[PDB]
Amino acid sequence: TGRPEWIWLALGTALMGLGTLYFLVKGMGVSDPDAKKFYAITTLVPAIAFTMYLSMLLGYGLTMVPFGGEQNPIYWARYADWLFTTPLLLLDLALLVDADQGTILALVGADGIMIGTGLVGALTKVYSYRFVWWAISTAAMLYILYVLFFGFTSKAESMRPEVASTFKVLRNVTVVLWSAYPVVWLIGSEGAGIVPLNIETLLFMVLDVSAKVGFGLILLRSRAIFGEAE
Amino acid sequence: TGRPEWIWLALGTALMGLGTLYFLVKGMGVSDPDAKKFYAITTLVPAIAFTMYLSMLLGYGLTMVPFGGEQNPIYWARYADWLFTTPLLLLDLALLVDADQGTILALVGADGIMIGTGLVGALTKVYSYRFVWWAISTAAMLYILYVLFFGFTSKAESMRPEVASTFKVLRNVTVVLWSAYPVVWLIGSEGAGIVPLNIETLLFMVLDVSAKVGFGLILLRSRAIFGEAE
Amino acid sequence: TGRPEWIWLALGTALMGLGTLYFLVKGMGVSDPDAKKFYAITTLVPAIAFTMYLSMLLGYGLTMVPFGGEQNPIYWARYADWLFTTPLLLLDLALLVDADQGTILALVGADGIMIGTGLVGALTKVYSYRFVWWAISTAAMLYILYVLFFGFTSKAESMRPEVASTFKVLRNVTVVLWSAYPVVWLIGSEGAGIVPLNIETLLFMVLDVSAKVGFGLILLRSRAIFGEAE
Ligand SMILES: CCCCCCCC/C=C/CCCCCCCC(=O)OC[C@H](O)CO
Ligand SMILES: CCCCCCCC/C=C/CCCCCCCC(=O)OC[C@H](O)CO
Ligand SMILES: CCCCCCCC/C=C/CCCCCCCC(=O)OC[C@H](O)CO
Ligand SMILES: CCCCCCCC/C=C\CCCCCCCC(=O)OC[C@H](O)CO
Ligand SMILES: CCCCCCCC/C=C\CCCCCCCC(=O)OC[C@H](O)CO
Ligand SMILES: CCCCCCCC/C=C\CCCCCCCC(=O)OC[C@H](O)CO
Ligand SMILES: CCCCCCCC/C=C\CCCCCCCC(=O)OC[C@H](O)CO
Ligand SMILES: CCCCCCCC/C=C\CCCCCCCC(=O)OC[C@H](O)CO
Ligand SMILES: CCCCCCCC/C=C\CCCCCCCC(=O)OC[C@H](O)CO
Ligand SMILES: CCCCCCCC/C=C\CCCCCCCC(=O)OC[C@H](O)CO
Ligand SMILES: CCCCCCCC/C=C\CCCCCCCC(=O)OC[C@H](O)CO
Ligand SMILES: CCCCCCCC/C=C\CCCCCCCC(=O)OC[C@H](O)CO
Ligand SMILES: *C\C=C(C)/C=C/C=C(C)/C=C/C1=C(C)CCCC1(C)C
Ligand SMILES: *C\C=C(C)/C=C/C=C(C)/C=C/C1=C(C)CCCC1(C)C
Ligand SMILES: *C\C=C(C)/C=C/C=C(C)/C=C/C1=C(C)CCCC1(C)C
């Protein structure tokens, strides 16, 4: 098609589709009520992403935003996907370590503020204000990262060894890949505009696939997702 | 008013209003914590629908969408109602059979994908793509229907006989009436345009009232909604 | 800036920010799983409000709506904030008295109808219809107020005395301050237009800060938020 980033949108669509199908077939027959929750959560994540990658591929998920005296292409469908997928991914982690309800609310609520302030920043027509929104969004993210190291890492250790080991890996995956998101937004098409749109779209595609399908491959092969049973 | 479908919107509004009022008066005094949940869920459903039928009657819930080189009337308020009412109706069924949490998440999440992809298809400006969205939405629906027969029908039987009998009736009601929705959309104003808007609006009105107020009349007269008590 | 109401938006922003920071520092170290829920809920409330007051300050949260043959400034960001903060505030109360699930659903669902019909009324382009939406919204509110006196006040009394006393105060705070909202909307810029926008913005600022940060100061100093323990 006529937008150079199309190839990375097509490839993202295909990878999320294949991931959904694999997790769906792999979850068939699972009867353990605990693993059923982890399959439910983890298969819904790439199914949502599939539909929203497709909407960007087909042009629905794209709008033009005037700032810096120019009509800027903004993919708003990213924030519609992230709004529902990112709390499910934190739910996978919190259920692993059997977090208490107060802590789950805090994580999901902070996650909503991070995504919502990011959408306002993406659509903001006053250039300098877009970075104010980027700052508030990044602060909400640092709160989440703090919780994952100084609330969760200290209960998982008092848990089943298989739980503690699977959580450590997935926590480390989460902190590394989530930290790259604020930087790519800042230097790409929504921010300073140093990196062009087609390269920004490739970077996000590599990040989006790793943090959902990669994460899922690690979790759903683990023994931690089953109750202990004879 | 000046749109021929107004009479079916007015009648839908009145029927949802009367239904809400009846379920509200009937639920007064109920103290059983179990029946309270079924009344809560089941009365919220026609109250939401009342407000959204009214917005279509008054013109707020209507927009024009250009496709096939024509300005097409699209009632978007349908998807704002269905987004909150359809998961409540599946919650009535899952609580009946005491479904496990993993299965409820799967049903509600699949329901969200079905409604969300339906809204994208309703607003899509490229004619042939509207049917791609219709196909993904229908696939999410088939997943839901499968769950209701090959996950739920097999636990309800291991339950109280009054539960098993009320669920069978409501499951059958659900599968028959929900299957008509994809067909009416395809042949009506959002799709191929064979059936005109005023007749499509009548068909949906008959389907919307039956699946909410009819469903509710069956459930709230049943003994299944109470715990077993002496 | 060039809108006279800016000073009340700036002051609201600052007060919600300071409130968030105070509740955040005060909740540090709390380990009781019960108080953790009350801190989680109660700190998220002024953090959401901070971001949405800021969006009104910076102009993002403002739109123009044509009615009465005039282009009317409508702050739509109010309803985006109230949509997520008002159910959390009712969750604080229901958890205090350990409400049953059916009753919480009813309150949160009625709250959604009240806010949603209020947004439709704020954006409605036919003047006389805006008050129809105001009436349906006010009816949903009266339902909520009824529940708080003739469902909750009668279980809190059968509870811990510290719970019963803290709930009475917060219930009374809630009923008084929430009842002022329908009146200010009716006589201000969204309704009859008797009170001008800058004064309406001051009134709401005083109401918004009292009902969130004031409410929170009362609740989080109470002993009711902790389980009974030795
Ligand atoms: C898992 C196994 C596979 C791992 C794969 C990891 C890929 C992730 C990173 C890709 C960045 C590639 C960036 C390519 C940028 C080219 C930019 C370019 O053309 O620069 C010239 C410019 O136009 C004028 O100076
Ligand atoms: C529960 C007791 C009551 C049950 C009630 C069930 C009604 C449901 C179906 C109605 C379809 C009616 C369709 C009417 C279509 C008329 C179309 C027409 O006028 O066709 C001519 C056309 O304009 C040029 O060929
Ligand atoms: C907690 C301690 C502090 C308590 C503080 C409570 C304040 C709340 C109410 C304020 C209303 C003030 C209204 C000011 C209205 C002025 C209107 C005006 O100028 O009227 C003239 C008009 O322009 C032509 O007739
Ligand atoms: C436990 C539940 C916790 C839930 C916590 C949720 C946190 C979200 C808070 C604020 C972001 C609000 C974002 C609103 C963005 C609307 C932007 C929009 O729709 O813009 C339309 C148009 O382009 C412009 O007028
Ligand atoms: C002037 C400062 C600006 C205003 C402040 C920034 C607001 C938006 C940013 C981040 C949200 C941070 C997280 C909000 C949620 C906190 C939840 C909480 O306190 O949870 C405690 C509970 O004990 C858990 O275990
Ligand atoms: C722990 C995770 C935290 C994640 C958040 C980290 C944020 C700060 C990082 C980098 C900013 C680097 C400065 C970028 C600003 C460049 C300004 C500019 O105009 O640069 C000119 C350009 O390089 C040529 O034209
Ligand atoms: C457990 C919780 C599970 C929740 C699962 C949720 C599933 C929804 C997923 C994707 C649909 C997203 C739909 C987004 C549609 C937005 C369309 C819109 O607003 O269009 C505005 C404008 O007309 C055009 O720019
Ligand atoms: C190439 C194929 C296209 C991509 C695929 C279509 C995606 C969208 C369609 C349907 C969603 C189907 C349901 C998604 C939710 C599945 C939940 C699940 O797996 O739940 C298992 C759990 O054990 C429960 O008891
Ligand atoms: C189990 C529930 C499944 C529900 C989903 C079932 C979907 C397929 C059904 C019918 C499609 C029939 C074909 C419709 C296409 C008509 C094409 C056309 O242009 O027809 C010309 C017209 O008839 C004169 O002008
Ligand atoms: C347990 C969960 C219970 C949840 C209960 C939820 C109750 C909400 C119901 C109806 C309000 C719907 C409001 C929809 C308003 C949309 C307005 C809008 O977006 O307008 C865009 C544009 O300006 C115009 O086309
Ligand atoms: C013709 C009349 C117009 C139509 C009617 C107005 C609809 C919208 C207004 C108010 C919603 C009222 C509250 C709706 C929720 C009721 C929940 C319920 O019944 O809960 C019972 C349960 O036992 C709890 O403990
Ligand atoms: C329990 C909580 C309930 C809260 C809900 C209470 C609603 C009714 C209250 C007041 C309406 C007063 C009438 C306002 C209408 C004024 C009409 C008008 O045009 O007035 C002319 C103006 O005063 C000069 O030009
Ligand atoms: C599905 C893929 C994932 C892991 C999405 C994560 C998204 C973020 C961590 C977003 C954070 C942002 C910040 C912190 C600042 C503004 C821009 C973002 C919304 C991308
Ligand atoms: C409140 C009434 C009910 C039962 C609503 C049900 C709606 C559906 C089953 C919608 C399904 C659709 C599909 C499967 C395909 C695109 C069009 C729809 C969104 C109507
Ligand atoms: C965060 C502050 C609070 C307490 C917000 C409460 C908002 C209401 C009680 C809103 C009610 C409305 C009604 C009943 C009628 C239309 C206008 C409103 C949406 C403001």
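We name chains A, B, ... by the order of the sequence lines, and we start the count at 1 in each one. Reckoned from all heavy atoms, side chains included, excluding hydrogens, waters and symmetry mates.
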Shortest non-hydrogen contact between [X] and [Y], atoms and distance:
| X | Y | result |
| --- | --- | --- |
| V45(A) | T85(A) | O-CG2, 3.5 Å |
| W178(B) | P182(B) | O-CD, 3.2 Å |
| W8(A) | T201(A) | CB-CG2, 3.9 Å |
| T13(A) | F50(A) | O-CD1, 3.5 Å |
| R3(A) | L57(A) | NH2-O, 3.1 Å |
| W6(A) | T1(A) | CB-CG2, 3.5 Å |

Should [X] and [Y] count as side-chain neighbours, where that means a heavy-atom distance under 4.5 Å?
| X | Y | result |
| --- | --- | --- |
| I74(A) | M64(A) | no |
| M159(A) | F167(A) | no |
| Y75(A) | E5(A) | yes |
| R78(A) | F204(A) | yes |
| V126(B) | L58(A) | no |
| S179(A) | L145(A) | yes |
| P46(A) | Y22(A) | no |
| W133(B) | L54(A) | yes |

We want to know whether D81(A) and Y53(A) form a side-chain donor-acceptor pair, criterion being a heavy-atom distance below 3.5 angstrom.
no

Does one side chain, of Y60(C) or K125(A), offer a donor that lies under 3.5 Å from an acceptor on the other?
no

Could you tell me whether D34(C) and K37(C) have a side-chain N and a carboxylate O separated by less than 4.0 Å?
yes

Side chain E200(A), main chain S189(A), donor-acceptor under 3.5 Å:
yes

Under 3.5 Å, side chain of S55(A) to main-chain N/O of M52(A), donor-acceptor pair present?
yes

Can you confirm if the NZ or CZ of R130(A) lies within 45° of the ring axis of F67(A) and under 6.0 Å from the centre of its six-membered ring?
yes

Report all side-chain donor-acceptor pairs from residues 214-230 of chain A shorter than 3.5 Å, counting only partners two or more places apart or in another chain.
{"unit_1": "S222(A)", "atom_1": "OG", "unit_2": "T166(A)", "atom_2": "OG1", "d": "2.8"}
{"unit_1": "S222(A)", "atom_1": "OG", "unit_2": "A224(A)", "atom_2": "N", "d": "2.9"}

Would you compute the distance between atom CE of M114(A) and atom OG1 of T51(C) and round it to the nearest 0.5 angstrom?
14.0 Å

To the nearest 0.5 Å, how far apart are OG1 in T174(B) and CG in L90(B)?
7.5 Å

Run the side chain to side chain contact (heavy atoms under 4.5 Å, CB included) check on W134(A) and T138(A) step by step: do they pass?
CA-CA 6 Å; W134(A) 176 94; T138(A) 296; 3.6 Å; yes

Start with the C-alpha distance between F38(C) and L95(C), add both sets of side-chain angles, then the distance that settles side chain to side chain contact (heavy atoms under 4.5 Å, CB included), and finish with yes or no.
CA-CA 8 Å; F38(C) 294 101; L95(C) 290 189; 4.1 Å; yes

Step by step, work out the side chain to side chain donor-acceptor pair (under 3.5 Å) result for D92(C) and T42(C).
CA-CA 7 Å; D92(C) 266 340; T42(C) 305; 2.8 Å; yes

Checking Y181(B) against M141(B) for the side chain to side chain contact (heavy atoms under 4.5 Å, CB included) test, could you report, in this order, the C-alpha distance in whole Å, the side-chain angles of both residues, the deciding distance, and whether it holds?
CA-CA 10 Å; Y181(B) 278 81; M141(B) 189 190 66; 5.8 Å; no

So, for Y127(A) and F131(A), is the gap between ring centers shorter than 6.0 Å?
yes

Which word best sums up how the rings of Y146(A) and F150(A) line up, parallel for under 30°, tilted for 30 to 60°, or perpendicular for over 60°?
parallel

The single option from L119(C), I48(C), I115(C) passing side-chain contact (heavy atoms from CB on, under 4.5 Å) against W82(C):
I115(C)

Let me have the donor-acceptor pairs involving side chains of residues 96-111 of chain A, under 3.5 Å, with sequence neighbours excluded, atom names and distances please.
{"unit_1": "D100(A)", "atom_1": "OD1", "unit_2": "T103(A)", "atom_2": "N", "d": "3.3"}
{"unit_1": "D100(A)", "atom_1": "OD1", "unit_2": "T103(A)", "atom_2": "OG1", "d": "2.5"}
{"unit_1": "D100(A)", "atom_1": "OD1", "unit_2": "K36(C)", "atom_2": "NZ", "d": "3.3"}
{"unit_1": "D100(A)", "atom_1": "OD2", "unit_2": "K36(C)", "atom_2": "NZ", "d": "2.9"}
{"unit_1": "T103(A)", "atom_1": "OG1", "unit_2": "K36(C)", "atom_2": "NZ", "d": "3.4"}
{"unit_1": "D111(A)", "atom_1": "OD1", "unit_2": "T86(A)", "atom_2": "OG1", "d": "3.4"}
{"unit_1": "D111(A)", "atom_1": "OD2", "unit_2": "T86(A)", "atom_2": "OG1", "d": "2.5"}

Evaluate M56(A) against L62(A) for side chain to side chain contact (heavy atoms under 4.5 Å, CB included), listing each step before the verdict.
CA-CA 6 Å; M56(A) 294 196 292; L62(A) 176 57; over 6 Å; no

